[PDB]
Every structure is written in structure tokens, then in C-alpha cells.
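In case you want the letters, here they are:
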Number of protein chains: 2
Amino acid sequence: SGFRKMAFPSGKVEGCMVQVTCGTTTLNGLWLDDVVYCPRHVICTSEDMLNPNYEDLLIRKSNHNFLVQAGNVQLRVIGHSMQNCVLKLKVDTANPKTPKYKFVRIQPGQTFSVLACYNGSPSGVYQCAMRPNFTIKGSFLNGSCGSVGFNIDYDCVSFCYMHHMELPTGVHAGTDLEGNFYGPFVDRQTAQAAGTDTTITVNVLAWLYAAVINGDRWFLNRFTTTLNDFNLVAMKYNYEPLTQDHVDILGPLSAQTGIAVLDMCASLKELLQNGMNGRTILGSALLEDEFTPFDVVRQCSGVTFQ
Amino acid sequence: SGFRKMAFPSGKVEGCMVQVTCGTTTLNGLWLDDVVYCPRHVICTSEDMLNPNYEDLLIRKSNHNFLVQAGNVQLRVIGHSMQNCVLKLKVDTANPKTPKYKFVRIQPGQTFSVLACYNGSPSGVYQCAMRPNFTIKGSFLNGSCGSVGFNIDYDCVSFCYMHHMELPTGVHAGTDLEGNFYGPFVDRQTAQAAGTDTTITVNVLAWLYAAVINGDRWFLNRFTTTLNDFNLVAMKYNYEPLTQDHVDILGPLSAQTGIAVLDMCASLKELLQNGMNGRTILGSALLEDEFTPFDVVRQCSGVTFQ
Ligand SMILES: *[C@H](O)[C@@H](C[C@@H]1CCNC1=O)NC(=O)[C@H](CC(C)C)NC(=O)OCc1cccc(F)c1
Ligand SMILES: *[C@H](O)[C@H](C[C@@H]1CCNC1=O)NC(=O)[C@H](CC(C)C)NC(=O)OCc1cccc(F)c1
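About the cut-offs
- Residues numbered from 1 in each chain as written, not as in the entry; some residues may be left out.
- Chains lettered and ligands numbered in written order.
- Heavy atoms only, no water.
- Least-squares fit on C-alpha atoms.
- Contact = heavy atoms within 4.5 Å.
- Axes fitted to C-alpha atoms, helices over the stretch in contact; angles between N-to-C directions.
- Helix = DSSP H or I, 4+ residues; strand = E, 2+ residues; numbered from the N terminus.
- Parallel < 35°, antiparallel > 145°, perpendicular 65-115°, else oblique.
- Nonpolar A, V, L, I, M, F, W, Y, C, P; charged D, E, K, R; others polar.
- Salt bridge = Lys/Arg side-chain N within 4 Å of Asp/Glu carboxyl O.
- Buried < 20%, exposed > 50% of the residue type's maximum accessible area, 1.4 Å probe, protein only.
- Domains from an automatic or database assignment.
- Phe/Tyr/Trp six-rings, centres within 6.5 Å; stacked < 30°, edge-to-face > 60°.
- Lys NZ or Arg CZ within 6 Å of the ring centre and 35° of its normal.
- Buried area = accessible area lost by both parts, 1.4 Å probe.
- Polar contact = N/O pair within 3.5 Å; in protein donor to acceptor, adjacent residues only side chain to side chain.
- Near = heavy atom within 4 Å.
- Areas by Shrake-Rupley, 256 points an atom, 1.4 Å probe, with all protein chains shown as cover.
- Pairing = 2+ DSSP bridges.
- Expected span 1.5 Å × (residues − 1).

As summarised from the PDB record, the model derives from X-ray crystallography at a stated resolution of 1.95 Å.

Spelled out as C-alpha cells, the structure:
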């Protein structure tokens, strides 16, 4: 038993990380087949680049302007292109460690594993959720750009994030692997801010289900509420609305515990209006919303990824 | 910026995990060079679990009774010895993916990454702290025994933990890689319980320093304290005593922030007395104690946000 925030094993991704290093700027790249993907802002910017023309900068560059290092090894770049905010560098060598992979775009509320890297060397791994305001609460320092987020599906790696920047509130923003930002952000060093965050209601409910399963029950009551009644409580406490689909995917957990989903929602008011009243749930004094319903099921069962 | 519980990249350990099976019982093993290490209770019959004489069980086994599988490959066992509660199986094949590694025994308060595995296949990775009562608060299901905890320090893998059992309160216990349990526990299904846990004070202070490095100061105060006065108050909140060694180890973090350790202790005293008053520190409404001073220095930058 037990419930822990748990990243996917990172070995399949560690073998794809490289250092991409142009001019004075160093960041990480993702080496798949004979292409290295990295954030486009690696391109030697103006000096002054109040507003960089990435299209025009890339035309001024040759192949060897880009130094790519794989472990201690130099990779020969033979072509370079851009797709949205990602720079695609062709290399002469296919990565022999390339896993089965697909590029996917993730929805807010869904989670993925982050492999933080520096100078092309993996440094750590942790789980993040795509917030409703399209930021993630991560841990990134200078040189971490190009770190990627992913999920593993048996043996298929679904890459879903590149890392790009940090917002003034200390949270983080990035793109999918096709170079499309999550959220209303741009890759310029200008005034940017995250919208007011909301709480992922369906994940909170899943986490409460995980709590009852592991023995925590003080917050339950015999009351219920209709879907409409709850949503007005959520809208006051800055929570995502709860849809009939959300209730549906929570079905399995309702069976395991014998609480109807709306019958759990009655608890959630209680937590929202009154609070936890000096108590804790799964070792937290807050309501946690970065465990998806599947994350909970992936945890009560043992799903491995050979 | 940002602060997260961050595991080490698990790739170096993923390549060492295998499946070991004796009769009807299956668990994970650690394959390094031509030896596979796994918990000795894999030999146990069902028939008895309370008082097995493992020496007697093992003498009755031959090499081919042990089935070792690395992915799709069966490994042939050519020798077997027992060291405390760990079984060492010699194999005819050295693991070619074997890293630089060391076996270490960690002290309470130390942290490590756990690679949860099932049927020899990695399932997830997460950070754990050796609690003062010699348990870890993990996530383990049936079949997870043989999963290991580790740290990586310059491509050297320090193995410090092998999982054996779950205690009645939902926490977990295991051994070092030499087979000696952490704590007064034994690998039989008898009446066992963890001692009362305490809070790892030096880790809490490290985490408070981490908060300051990341720009947060609301919890500081204008006071200082003597080491003894702090410990007399802390023990009243069920906190581990703080030793001069702990104060010395906090030196670097105190230098980076310009907060004296005893001034940070003054803050913690006030936090224990007051609570969070609806506030959070690094996104938690509780005082977190599973980040060591080293964990903080590894993750934060060396430039604080003054
Ligand atoms: C073995 O893989 C692992 C499984 C435990 C029990 C469930 N979650 C775990 O981490 N350890 C054991 O099965 C040990 C083996 C002993 C002989 C050392 N047995 C055990 O922990 O029994 C207690 C127990 C508690 C909860 C649930 C359960 F199935 C067993
Ligand atoms: C890439 O390596 C870097 C990662 C950032 C840096 C510090 N934490 C991160 O996540 N990205 C950038 O530096 C980014 C590049 C521009 C072209 C988009 N700019 C940026 O993040 O500026 C905001 C910032 C805030 C605090 C500290 C900092 F260095 C930068």
C-alpha cells in the first residue's frame, strides 16, 4: 500500500538527451533517429534582441554554427530547420538508442514525467500536471531548456513537452514537440504572466478516493449533492467545473469505495467551506490536484513498462 | 526556480533489474557483474512464514531451483550464498549494463530514490527519506520486494536499500545491500510495528532555507536562539534533536542566504508555535522534512533571490 507521486522510469529518455550549444548559449536537445529537437531560441540572438527574428537569424547560420554533443561525442549536423518554436537539426547519425515514440499534445489536468537536464546530462526526474492555466509547477534552473516531459505506454514513449521558460511567479511554460506552446506565451524575454490558476476538480476527487482506499475517512459524510449544486461551490473556490464525463471516468473508484461521486462531492464542499479542521489527508494539509484518476489506478495496481 | 521532490534518473538502475522465482514466489533482483542480489524470503515455502530457518531452506535448494530472467533471457545460476537477509545468486553472465556502483548504509534522515519494480520490470521512481524509526513511507504492492533505493553522485550508483516488507501502519522496511535490516525488524510474518516517528529537524531547516533561496521570507523573525533552547522546544513538538554537526552541515546554505542557522531555528520555533495561518511554504501547508541539506543544494541555484 501507500500513495506517492511517482514519475515514469526515465532510462528510455536518458539515452536521447544531448547538448545543443550555439554561440554563448547552451541547452539540451532530444536526439531521435537522425534529428535533434531543441528550443529555437538557442539561435545566436542579435546581441540586443529586444525582438528576435528567428526566421531571419536561422538563414544567417551554417550547419557548424550548432555544436551537438552526445555523451562525450560530437554529432555532425548536416541540415537545420524550424517548425514553430522548435529547431530541428539533422545529424549524420541515427541514434541507436531511439525508443518507440510518438509526439502527443496533452490536455490540461493530465500529467507527465519531466526529466530535468543540464549540459545534455540528465539531472533528475519528477511528475508534473498541465495546469488549467497551461503552466506546470516544476523545478528548472539556467541551462535546463530542452528538458522534456513524457509518458510511457508499455514501451512507447509519448513525448509531450519541451521546456522553454520561467514565468515571474516561479512556474514554467513550454511547448509540445511540434513547437506549439501550451498557454498564451511566447519565446521572448518580455513581460509575461500566468493567468489565475484554478484547481483540477476531477483530480482532487480522485485523490480523495485514493485517501479512503488507504484508510483516511474523517472527511466523508452521508450527504450528497447534485452536479449543478456542486459547480456553484467550485466556481466560488476557483475550481474547474465538474462535467458528466469527469463523473464517468471516476466510476471505477466510486465502486471500489462505495461512495457515489456526487456523494464524495458533498465532502468536497465541507473541505472547501470549512477546511480540514486540523486534520490531514494522505500526509497533506492541502487538497492535492495533480493525481489523475488513472494515476490513482496505476498506483493501486502495479503497471510496469518493459 | 521551483522546488520538487526529485529522483535521480533511473536508467542506470533499470538495466540491472531482473525477475527471480523460487517455486510459487516471484520477486525482483539486482544484477551487478555476475551476481544477482534479492531478498532471501523468496525461498520461503507457504507451508510456513512465521519462523522459517532460511539456512535450512537454502541447503535444500539446488542452483536450478532458482529461475532468473533478465527481460526475455533466462540467466543460469552457478552458485548461491546467503549474507544476512539477502540472497546472492552467482550467474554465468556478467551484466554488461553494470554501472560504477557502491553499497552504502545510510543514516536516518538521509534520502534516496526508489525504483519500484514488479516482475523485474521498472514501474516508477520516487524519492524517500530514511525515517528516524527506520521505516520509509513508500508505495509498494505485492511483488515489489527486491526493488532498491539508490543515489547517483557523478555516475556512481550508491545502492542503500532493498525492499522487504510492509508494516501494519502502511510504512515499509528493508535492508542495505549487505542484507542487514534498517531498524529492529525481521523478515517473518510475526507481530511487528514501527516505533513512534519523529520529525527530521535538520531537513526542515534545510527546506526553510530552500524557501528563502527561492524568494520567500514571510516566516522569518527578528530573534535568535541558543542551540539548547531550540532543542528543548523542538522536542515538545516531537522533533529530532539538532546537533552541532547538523548546524555545521547547514553552513553552506546559511552562507548563501546570510541567515545564521540559529536564526533559522528561531523561525522554526515560531512556525511550530503559530502554524501556517493559511499560508504555504514551497507549496506545502506543513513543514516538510524529507529534503536533506544536500538535496536542497543539488536542486536550488547558488544565487538566492534577494
Ligand atoms: C513483497 O513483495 C512485499 C509486499 C509487501 C506487502 C504488500 N506491500 C508490500 O510492500 N513484502 C512482503 O510481502 C513481506 C514479506 C515478508 C516475509 C518479509 N510480507 C509482509 O509485508 O506482510 C505484511 C503485509 C502487509 C500488508 C499487505 C500484505 F499483503 C502483507
Ligand atoms: C533555458 O535554459 C532557460 C530556462 C529558464 C531559466 C531559469 N529557469 C528556467 O526555466 N530559459 C530562459 O532563460 C528563457 C529564454 C527566453 C528566450 C524565452 N527566458 C526566461 O525564462 O526568462 C525568465 C527568467 C526568470 C528568472 C530567471 C531567469 F534566468 C529567467
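> Describe the relation of the copies chain A and chain B, naming the residues involved and giving the relevant values.
For the pair chain A and chain B, the best superposition has an RMSD of 2.9 Å and corresponds to a rotation of 180° with a translation of 0.2 Å parallel to the axis. On the angle and the small slide along the axis, the relation comes out as a two-fold axis. Taking C-alpha positions as the reference, the residue of chain A nearest the rotation axis is A:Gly11, at 1.8 Å. With an isologous cut-off of 70% or more, the 86% of interface residues of chain A that recur at the interface of chain B puts this contact in the isologous class.

> Give a description of the packing of helix α3 (residues 201-213) of chain A against helix α7 (residues 261-273) of chain A that names residues and reports values.
Residues and elements named next belong to chain A. One way to put it is that α3 packs onto α7 with a least axis distance of 10 Å and a crossing angle of 100°. Judged by the angle between their axes, α3 and α7 are roughly perpendicular. Between α3 and α7, the residues in contact are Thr-201, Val-204, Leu-205, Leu-208, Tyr-209 and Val-212 and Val-261, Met-264, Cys-265, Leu-268 and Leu-271, respectively. Grouping the constituent residues of the contact of α3 with α7 by class yields 10 nonpolar, one polar and no charged.

> For the environment of B:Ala206, give the residues involved together with the corresponding values.
Residues and elements named next belong to chain B. By the secondary structure assignment, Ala-206 is in helix α3 (residues 201-213). Taking C-alpha positions, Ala-206 is 43 Å from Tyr-54, a pair spaced 152 residues apart along the chain. What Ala-206 contacts, discounting residues up to four positions off in sequence, is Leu-250, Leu-253, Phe-291, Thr-292, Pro-293 and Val-296.

> An account of the pattern of salt bridges is needed here, citing residue identities and associated values.
Scanning the model with the defined rule gives 16 salt bridges over all chains in all. The residue A:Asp176 makes a salt bridge to A:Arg105 at a minimum N-O spacing of 3.2 Å. In this pair, A:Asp176 is assigned in the loop between β13 (172-175) and α3 and A:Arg105 in the loop between β8 (101-103) and β9 (111-118), connecting sequence segments 71 residues apart. Residue A:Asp176 is classed as buried on the basis of its relative accessible area of 5%. With a relative accessible area of 40%, A:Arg105 lands in the partly exposed category. Its salt-bridge partner being B:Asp197, residue B:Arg131 comes within 2.7 Å of it at the nearest N-O pair. Of this pair, B:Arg131 sits in the loop between β10 (121-129) and β11 (148-152) while B:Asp197 sits in the loop between β13 (172-175) and α3, placing them 66 residues apart in sequence. The class of B:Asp197 is partly exposed, set by a relative accessible area of 25%. Members of the salt-bridge network, linked through shared partners, are B:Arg131, B:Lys137, B:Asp197, B:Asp289 and B:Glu290.

> An account of the domain arrangement of chain A is requested, with residue identities and associated values reported.
Along its sequence, chain A is organised into domain 1 (12-91) and domain 2 (201-300). Domain 1 of chain A and domain 2 of chain A are separated by 44 Å when their C-alpha centres are compared.

> Now, about the packing of aromatic side chains: what can you tell me, with residues and values included?
Going through the model one piece at a time under the given rule, you end up with 17 aromatic pairs over all chains. Seen in terms of ring centroids, A:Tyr101 and A:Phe103 are 5.5 Å apart; in terms of plane orientation they differ by 45°. Their pairing is tilted. The partly exposed category is assigned to A:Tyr101, whose relative accessible area is 26%. When its relative accessible area of 25% is taken as the criterion, A:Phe103 is described as partly exposed. Cation over ring: A:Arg105 sits above A:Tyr182, and NZ or CZ is 4.3 Å from the ring centre. Stacked on the ring of B:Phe8, the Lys or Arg B:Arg298 has its end atom at 3.8 Å from the ring centre.

> Break down the interface of chain A and chain B for me, with residues and values.
Between chain A and chain B, the contact holds 44 residues from the first and 41 residues from the second. Summed over both partners, the interface of chain A with chain B buries about 2900 Å², with 51% contributed by carbon and sulfur atoms. Where chain A packs against chain B, one counts zero salt bridges. Summed over the shared surface of chain A and chain B, the result is 26 residue pairs in polar contact. Mapped onto the side of chain A that touches chain B, the elements with two or more residues apiece are α1 (11-14), β10 (121-129) and α8 (293-300) of chain A. Ranked by residue count, the leading element in the side of chain A that touches chain B is β10(A), at seven residues. Partitioned by chemical class, the residues of the side of chain A that touches chain B number 17 nonpolar, 19 polar and eight charged.

> Please provide a residue-by-residue account of unusual backbone geometry, values included.
Residues and elements named next belong to chain A. Residues other than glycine seldom take positive phi values, yet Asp-33 does so here, at roughly 55°. Given a relative accessible area of 35%, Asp-33 falls into the partly exposed group. Residue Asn-238 is not a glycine yet carries a positive backbone phi of 70°. Within the element layout of this structure, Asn-238 appears in the loop between α4 (227-236) and α5 (244-249). Under the relative-accessibility criterion, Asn-238 is labelled partly exposed at 35%.

> Give me the lowdown on the site of ligand 1, citing residues and values where you can.
Ligand 1 sits among 14 residues. The nearest are B:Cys145, B:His163, B:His164, B:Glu166 and B:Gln189. Looking at what sits near ligand 1, you find residues from chains A and B. Between an oxygen atom of ligand 1 and a main-chain N or O atom of B:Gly143, the distance comes to 3.3 Å. Within the backbone of B:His164, a nitrogen or oxygen atom sits 2.8 Å from a nitrogen atom of ligand 1. When isolated, ligand 1 has an accessible area of 610 Å², and the protein chains bury 75% of it. Its residues assigned to classes, the shell around ligand 1 shows four nonpolar, eight polar and two charged.

> Describe the sheet that holds strand β6 (residues 77-83) of chain A, and please don't skip the residues or the numbers.
Residues and elements named next belong to chain A. Sheet architecture is open: seven strands sit in the order β5-β4-β1-β2-β3-β7-β6, paired in antiparallel fashion. Pairing within the sheet leaves two strands with one partner each, and these edge strands are β5 (73-75) and β6. Strand after strand, the sheet turns through a mean of 30° between neighbouring axes, direction not considered.

> Outline helix α7 (residues 261-274) of chain B, supporting the account with residue identities and numerical values.
Residue and element names in this part refer to chain B. When the terminal C-alpha atoms of α7 are compared, their 20 Å separation across 14 residues agrees well with the 20 Å that a helix rising 1.5 Å per residue should span. On the buried face of α7, the contacting elements are α3, α4 (227-234), α5 (244-249) and α6 (251-257). Directly beyond the C-terminal end of α7, a positive phi value near 95° is found at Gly-275.

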